[PDB]
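Asks: In our numbering, the protein residues as written are 6 to 112. C-beta: ideal position from N, C-alpha, C; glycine also. Could you have a look at this structure, given as C-alpha cells, before my questions?
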Ligand code: HEC
C-alpha cells in the first residue's frame, strides 16, 4: 500500500518497537527485516514462550491475521495490544515495514 500512510499507523507501534537505522530492542523487539523471519529470533530480546515456540514464520498473510488480534493468534503473548482492525491501515502498515532491511537501511 502507501508507505507514507503506513508510517503514521506505525506511531502506535513506535512506543514499543524501533525500526530504521540504529534500531535497538525496547519493550518489543526491533522490526527491521520482519517479513520472512521466524518468530522469536531477534538476539537479545526476551520473548515469551508463547511467541518463541509458536513455529510462526512472518509472511504478510500471517502478519495480517496476527495484527488484527494478537492474543487470538499467539495466546499468552507479552504484546498486550488490541490490534489494528482497519484493512487499509494494515495494508499501509505492511508497505511501511517492508521498506526496511534487517540492518535498518531502506531498500
Ligand atoms: C507495547 C504495548 C507494544 C505495542 C504498542 C506493539 N507491540 Fe509488537 N510486541 C510487543 C512485545 C512485548 C512483543 C514480544 C511478544 C512476546 O510474546 O514475546 C511484541 C512482538 C511483536 C511481533 C513479533 C516479533 C517477533 O520477533 O516474532 C510483531 C510482528 C509485532 N510485535 C508487531 C507490532 C506492530 C506492527 C505493532 C503496531 C501496530 C505493535 N507490534 C505494537 C509490544 C508491543
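1. Tell me whether residue 68 sits in a helix, a strand or coil according to DSSP, three-state version.
2. On the three-state DSSP scale, how would you describe residue 105?
3. Going by the CB atoms, is the gap between residue 83 and residue 59 shorter than 8 Å?
4. Using a Cβ-Cβ cut-off of 6 Å (strictly less than) and excluding sequence neighbours within five positions of residue 33, which residues of its own chain qualify?
5. Could you check if residue 99 is buried or exposed, using at least 16 other CB atoms within 10 Å of its CB as the buried criterion?
6. Going by the beta-carbon positions, is the gap between residue 94 and residue 104 smaller than 8 Å?
7. Does DSSP put residue 83 in a helix, a strand or coil?
8. Buried or exposed for residue 11, please, with buried defined as at least 16 other CB atoms from any protein chain shown within 10 angstroms of its CB.
9. Could you compute how far the alpha carbon of residue 27 sits from the alpha carbon of residue 109?
10. Measure the alpha-carbon distance for residue 87 versus residue 8 and round it to whole angstroms.
Replies: According to the structure data:
1. helix
2. strand
3. no
4. 21 and 22
5. buried
6. no
7. coil
8. buried
9. 7 Å
10. 22 Å
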